[PDB]
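Trainee: Fold the following for me, if possible:
(3 chains, ligands or ions: 4)
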Amino acid sequence: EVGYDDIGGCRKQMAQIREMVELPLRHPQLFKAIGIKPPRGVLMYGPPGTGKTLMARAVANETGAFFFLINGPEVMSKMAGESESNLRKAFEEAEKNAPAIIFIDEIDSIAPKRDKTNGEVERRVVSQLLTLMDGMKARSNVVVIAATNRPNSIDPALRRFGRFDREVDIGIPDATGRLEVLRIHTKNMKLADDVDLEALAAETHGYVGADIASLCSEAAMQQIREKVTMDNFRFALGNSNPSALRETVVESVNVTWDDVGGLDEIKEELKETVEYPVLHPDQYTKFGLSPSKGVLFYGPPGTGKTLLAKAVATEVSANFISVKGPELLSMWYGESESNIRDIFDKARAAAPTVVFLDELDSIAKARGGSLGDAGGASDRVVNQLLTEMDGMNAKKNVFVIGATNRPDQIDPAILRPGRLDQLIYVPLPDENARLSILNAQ
Amino acid sequence: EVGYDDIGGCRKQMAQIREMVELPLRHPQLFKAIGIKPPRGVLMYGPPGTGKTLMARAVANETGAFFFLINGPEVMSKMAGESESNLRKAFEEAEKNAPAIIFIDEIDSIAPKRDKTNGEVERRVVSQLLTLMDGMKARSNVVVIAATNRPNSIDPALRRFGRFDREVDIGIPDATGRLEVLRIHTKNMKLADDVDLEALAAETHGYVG
Amino acid sequence: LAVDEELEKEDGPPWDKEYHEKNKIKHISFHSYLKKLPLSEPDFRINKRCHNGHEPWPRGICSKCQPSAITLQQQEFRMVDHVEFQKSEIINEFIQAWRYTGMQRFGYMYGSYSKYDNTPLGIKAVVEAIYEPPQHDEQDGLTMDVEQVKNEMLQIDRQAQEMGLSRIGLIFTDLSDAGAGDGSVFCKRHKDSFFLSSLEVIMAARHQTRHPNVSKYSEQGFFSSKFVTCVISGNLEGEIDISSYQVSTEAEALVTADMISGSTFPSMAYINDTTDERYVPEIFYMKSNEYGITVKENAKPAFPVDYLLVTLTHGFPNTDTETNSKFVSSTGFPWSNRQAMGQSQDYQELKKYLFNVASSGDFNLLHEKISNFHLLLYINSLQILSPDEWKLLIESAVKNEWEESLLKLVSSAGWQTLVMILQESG
Ligand SMILES: Nc1ncnc2c1ncn2[C@@H]1O[C@H](COP(=O)(O)OP(=O)(O)O)[C@@H](O)[C@H]1O
Ligand SMILES: Nc1ncnc2c1ncn2[C@@H]1O[C@H](COP(=O)(O)OP(=O)(O)O)[C@@H](O)[C@H]1O
Ligand SMILES: Nc1ncnc2c1ncn2[C@@H]1O[C@H](COP(=O)(O)OP(=O)(O)O)[C@@H](O)[C@H]1O
Ligand code: BEF
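Mentor: Numbering: from 1, shown residues only, chains lettered A, B, ... in the order given. Ligands and ions are numbered 1, 2, ... in the order given. Sure, the structure comes next:
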């Protein structure tokens, strides 16, 4: 069995569960004559790549409690009588073998919000999860952990002090958090001396944590196919298909490494702005000032504009998210504004990262009246991305790369100098810049 | 066990629910020869997280009478029948040996509006809930107590005088109703006297107990 | 018990309903009932935790924690399927006590268990001998003192574990002789009348709650106790044939202690009420309407007992061949508590029965005169011999290859002083 060493990285979040289950049962004499009991429920939210079933078994095996997993959509049936007692018999089963962990997963179809009022079996399973957990027994034996991929779709009336009222955050593992992940999965079937594990962690940028655990089992299949080395992990890196680049595929995929750029007088400036806070984090805290956030390129189109977008992302250890110009702006009314909303919180959850904005003139018009060049005149999509740059939130390490053709429609509202830092202009390449670009191709 | 002091933290809505079930029992001689029956059904509503599941257990110790308790969707079992008869088993057991206090919970999920849902069990659960509250000279001993957070989702025929009237609103206590909640679940805890507790009454305001 | 683990290895599916109706089998077995299912004893008591906030003791029993209406169905399985005897003279000795005084008797059965091969994954119950407790007996029935006999059956059960014996059943007689010169008995228990009296179901069901059956698939370590109930009543036409039944484990492990009492009718029993001591649910059963069929006709004051018993088959071993019998020496010795009859004796009966037969003659007939059940309980209750000599007396009586164990028995100083104190006494 495995306990408290299954994943590295996010272990202060697992230590919060360690002081929630084990610490009551290790010293129960400290929790009598203290008054108020600890809470009895944790809602673990985040991307559903990690699964959370591998962390909940690490906690339950260390304390010795029972692990009785109940899947999400299996308690819902179309006969409408056993759906409210398949969950009720689970807590009746976990009452005998105290202590025990229930660990209900995928709370989207089960226990939804009653704002829609659609379906009688969906409105009663909220109340069945309601009506028992208030009278659920104390002293930390029938505790429940929740695994849900969206924390804003469950019922807000569910959380009254005792159902799920200890919120914890699980996001994308950062640098020096994915290194301890591959240390666990390579404890058996040891790699040779040629492959380095620290260079392996620089290749993974924004992976879900369980994807690089399956990357080790994929690269080990290449060694039995050869009959593990550095080239076996390199071939399994491109075939892993992470969630950041899963939704878009353009055949065939290209990954370049022999591009450094012939524009060297701005390459040291681009290393100064977005590459120095992600390499030297402690110096910006000892000076007490925020680092550089964004930059904008403008000039002639096709003159190394997209080449600067991919040469920077290959040199930084962060992932690359690219918008396709006027492709996220649909004719439908509402989700055209939401297409800016879902690409920035994904960038903030994958901090640090670099986003690329291209052909700014087709979306902005810079305020222009209530009139439009095509006729839609939707001034709310420019005000939405006006709010997503600074916001009222934590200052993340997100970087934005602006690219446009003509600086006439440049928007003076997107240009406050805290938003974009440098208004640099790219010229046509000269004769000395042309010799540095022919040998690189 | 909880009691009237452990539930303390509401004042105006506490005296309305206390005299509804204790005053006809501690002093039954004043209703007699007065011409009016006592009120027979409590329906307390409000925002979630207030003590609409713990008010009923609080006067489910202090009166010293025959308490009961029904959960929301456990009565709904798959038979052509017995989803209405288990409701009848909970009322015909509570008929004898006066007095009587019965608490039904989660009346927003079960018993919905009639013309707003499509389920043949839901047409029979609503009216069996009506008929046991007024049948053919019914409502002689029992006093029903409801608890929900969505009063608009229940049936409009459910809030009549014979079944659910004198409904009490349990709102967010902030005008010196928040401070009375602090003195209940801190007298059991060990508190070293180094600060005052009155400054915490105005620090946050969206707290609901 | 080694019998429970031997049937777990063999698979025999054995729970087929269409196969057992071909061979005229009512209920399948206990071990094939295990493999189809998670062995939980159904409880009818009130709860004290209740998973909610209402008080457990006065009132407040919710519908998720309430004993529902019992449909009162028969048990679909049996613990044992066939009880087997070992000698026709042990039954002939027990009915001989009725022939001398006319009134009824009572006794406990000693034996073991083994494999039954007719039924798939069945257990057969082999009895070995009959013990008789002290009793006071009338012509209609009998009920002895409760406490003073339970004190007596601790030490004789301590006296029975060295041979490999255990209390497995009980017997009680009901003859009702007609005229004693033109027939044996009447026909008291048949299809029209009662099969088992309800005053004896409470004595049969209480013996199972105190004799638990060890099961590893349960949650408390005990489930579906293995205790047979035998009765000597009589068949239809003219004989005194015996019958053997068992009580249902779904109710009689729980309901007998609180809400089961004896009525005035022999085919029914009186339902009790707790008046807020515990909760007693409603009992539903069926009958036949005069013109059609009824549905749910009686609530409170009636329930039959014949919904609650399962049938068993008795048997006697063949005369030409048998495996072992282990206890045939005379089967005519005076028993323990036949004080109403004349077989209640002292040192005079040892002069008349054996006197260590033909004192210096032989040992082959002596082995067939000392392996009696009530003989070894008598000479150990005198406790003249040493306890290590009494262990050797066990292997010299019930164990095979007794020849080298018998000569070392009589050559000791323990056996020499018994025949010296017997020759001087009467
Ligand atoms: N950071 C991590 N987060 C979650 N699981 C991890 C992590 N590192 C390693 N693992 C392990 O990798 C495996 C893959 O996770 P799992 O949720 O089972 O994947 P999937 O969702 O593909 O079924 C599990 O055994 C898990 O414990
Ligand atoms: N002098 C040059 N400056 C920039 N890119 C050049 C030059 N000569 C050739 N190229 C190449 O031409 C392509 C067009 O440059 P790029 O700005 O990436 O185009 P686009 O704006 O269409 O994406 C790139 O592959 C780039 O490397
Ligand atoms: N007077 C009160 N003021 C504030 N909180 C209270 C009060 N009485 C009970 N509570 C709290 O309410 C909870 C129990 O009832 P609650 O969950 O609010 O019921 P419901 O959700 O059914 O209204 C506990 O957390 C308890 O501390
Ligand atoms: F909060 Be509810 F009344 F259970």
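Trainee: drop to CA atoms for contacts and neighbour counts, all remaining ones
Mentor: Will do.
Trainee: residues in chain C within reach of chain B, list them.
Mentor: Residues of chain C lying near chain B by CA under 8 Å from any CA of the partner chain: C:53-55, C:58-64.
Trainee: The same query, at a cut-off of 6 Å, please.
Mentor: With the criterion set to CA under 6 Å from any CA of the partner chain, chain C comes near chain B through C:59-60, C:62.
Trainee: Kindly report the same for the stretch 151-300 of chain A.
Mentor: Residues of the stretch 151-300 of chain A lying near chain B by CA under 6 Å from any CA: A:157, A:160.
Trainee: Looking at the stretch 151-300 of chain A, what residue ends up closest to chain B?
Mentor: Taking CA to the nearest CA as the measure, the stretch 151-300 of chain A has residue A:160 as its residue closest to chain B, at 4.7 Å.
Trainee: Ramachandran coordinates for the closest residue in space to that residue that isn't next to it in sequence?
Mentor: Closest residue to residue A:160 apart from its sequence neighbours, by CA to CA, 6 or more residues apart in numbering or on different chains: residue B:49 at 4.7 Å. Torsion angles at residue B:49 (phi, psi; degrees, to the nearest 10) stand at phi 100, psi 50.
Trainee: one step back: please report which of the residues of chain C next to chain B has the highest neighbour count.
Mentor: Neighbour counts for the residues of chain C next to chain B (other CA atoms under 10 Å in any protein chain shown) peak at residue C:60, which has 24 neighbours.
Trainee: Give me the neighbour count for the nearest residue to that residue once chain neighbours are set aside.
Mentor: Nearest in space to residue C:60, with sequence neighbours left out and distances taken as CA to CA, 6+ apart, is residue B:68 at 3.9 Å. When counting by other CA under 10 Å, one arrives at 24 neighbours for residue B:68.
Trainee: hang on, residue B:68 packs against residue C:57?
Mentor: No - Residue B:68 is beyond contact range of residue C:57, at 11.5 Å (criterion: CA atoms under 6 Å).
Trainee: wait, isn't residue A:34 in contact with residue B:188?
Mentor: No - at 7.4 Å, residue A:34 and residue B:188 do not qualify as touching, with contact defined as CA under 6 Å.
Trainee: Kindly tell me how buried the residue nearest to residue C:330 when sequence neighbours are not counted is, as a neighbour count.
Mentor: What sits nearest to residue C:330 in space, not counting adjacent residues and going by CA to CA, 6+ apart, is residue C:369, at 6.4 Å. By the criterion of other CA under 10 Å, residue C:369 has 20 neighbours.
Trainee: For residue C:369, what are phi and psi?
Mentor: For residue C:369, the backbone dihedrals are phi -140, psi 0 (criterion: degrees, to the nearest 10).
Trainee: do the same with residue C:247
Mentor: Dihedral angles (degrees, to the nearest 10) for residue C:247: phi -90, psi 160.
Trainee: measure it to chain B for me?
Mentor: Look at residue C:247 and chain B: by CA to the nearest CA, to the nearest Å, they are 30 Å apart.
Trainee: For that residue, the count of nearby residues, please.
Mentor: Number of residues near residue C:247 (other CA under 10 Å) recorded here: 30.
Trainee: Tell me the bridge partners for it.
Mentor: Bridge pairing for residue C:247 (DSSP bridges) gives the partners residue C:309.
Trainee: ok, so what distance separates it from ligand 3?
Mentor: Using CA to the nearest ligand atom, to the nearest Å, residue C:247 is found at 46 Å from ligand 3.
Trainee: Quick check: that residue touching residue C:309?
Mentor: Yes - if you go by CA under 6 Å, residue C:247 and residue C:309 touch, sitting 4.9 Å apart.
Trainee: which residues are common contacts for these two?
Mentor: Common neighbours of residue C:247 and residue C:309, counting by CA atoms under 6 Å, 6 or more residues apart in numbering or on different chains, are absent.
Trainee: So residue C:388, which state does it fall into?
Mentor: Assigned by DSSP: H, G, I helix; E, B strand; the rest coil, the conformation of residue C:388 is helix.
Trainee: wait, I meant residue C:22
Mentor: Classification of residue C:22 using three-state DSSP returns coil.
Trainee: can you list the residues of the stretch 1-150 of chain A near ligand 4?
Mentor: Along the stretch 1-150 of chain A, the residues adjacent to ligand 4 under the rule CA under 6 Å from any ligand atom are A:130-131.
Trainee: re the thing from before, thought the residue nearest to residue C:330 was touching residue C:328?
Mentor: No - using CA under 6 Å, residue C:369 is not in contact with residue C:328, being 8.3 Å away.
Trainee: residue boundaries of the helices in chain C?
Mentor: C:2-9, C:17-20, C:31-36, C:88-101, C:147-150, C:152-158, C:198-209, C:347-353, C:364-370, C:373-381, C:387-395, C:403-410, C:413-424 (DSSP state H).
Trainee: Single out the most deeply packed of those helices.
Mentor: Ranked by mean neighbour count, the helices of chain C are led by helix C:198-209 with a mean of 20 (mean count of other CA atoms under 10 Å in any protein chain shown).
Trainee: how far away is the nearest residue to residue C:325 once chain neighbours are set aside from residue C:163?
Mentor: What sits nearest to residue C:325 in space, not counting adjacent residues and going by CA to CA, 6+ apart, is residue C:86, at 5.9 Å. In this view, residue C:86 and residue C:163 are 16 Å apart by CA to CA, to the nearest Å.
Trainee: out of those two, which sits in the more crowded spot?
Mentor: Counted by other CA under 10 Å, residue C:86 and residue C:163 do not tie: residue C:86 has more neighbours, with 22 against 13.
Trainee: Torsion angles phi and psi at the more buried one?
Mentor: With angles defined as degrees, to the nearest 10, residue C:86 sits at phi -130, psi -20.
Trainee: quick one: it and ligand 4, what's the gap?
Mentor: 66 Å.
Trainee: repeat for residue A:389
Mentor: From residue A:389 to ligand 4 the distance is 40 Å (CA to the nearest ligand atom).
Trainee: Residue C:309 now?
Mentor: For residue C:309 relative to ligand 4 (CA to the nearest ligand atom), the value is 46 Å.
Trainee: what's the answer for residue A:37, then?
Mentor: Counting by CA to the nearest ligand atom, the gap from residue A:37 to ligand 4 is 19 Å.
Trainee: now swap in residue A:419 and tell me
Mentor: Relative to ligand 4, residue A:419 is positioned 46 Å away (CA to the nearest ligand atom).
Trainee: same thing with residue A:342?
Mentor: Distance, residue A:342 to ligand 4, by CA to the nearest ligand atom: 34 Å.
Trainee: Ok, residue C:16 next?
Mentor: Distance of residue C:16 to ligand 4, computed by CA to the nearest ligand atom: 47 Å.
Trainee: show me the contacts for residue C:212.
Mentor: Counting by CA under 6 Å, 6+ apart, residue C:212 touches C:222, C:225.
Trainee: repeat that with 10 Å
Mentor: Residue C:212 makes contact with C:221-227 under the criterion CA atoms under 10 Å, 6 or more residues apart in numbering or on different chains.
Trainee: quick one on the thing from earlier: in JSON lines, list the helices of chain C along with distance to ligand 1.
Mentor: Output for the helices of chain C, formatted as JSON lines (distance: least, CA to the nearest ligand atom, whole Å):
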{"stretch": "helix C:2-9", "distance to ligand 1": "36"}
{"stretch": "helix C:17-20", "distance to ligand 1": "43"}
{"stretch": "helix C:31-36", "distance to ligand 1": "33"}
{"stretch": "helix C:88-101", "distance to ligand 1": "68"}
{"stretch": "helix C:147-150", "distance to ligand 1": "60"}
{"stretch": "helix C:152-158", "distance to ligand 1": "56"}
{"stretch": "helix C:198-209", "distance to ligand 1": "48"}
{"stretch": "helix C:347-353", "distance to ligand 1": "79"}
{"stretch": "helix C:364-370", "distance to ligand 1": "71"}
{"stretch": "helix C:373-381", "distance to ligand 1": "66"}
{"stretch": "helix C:387-395", "distance to ligand 1": "61"}
{"stretch": "helix C:403-410", "distance to ligand 1": "66"}
{"stretch": "helix C:413-424", "distance to ligand 1": "73"}
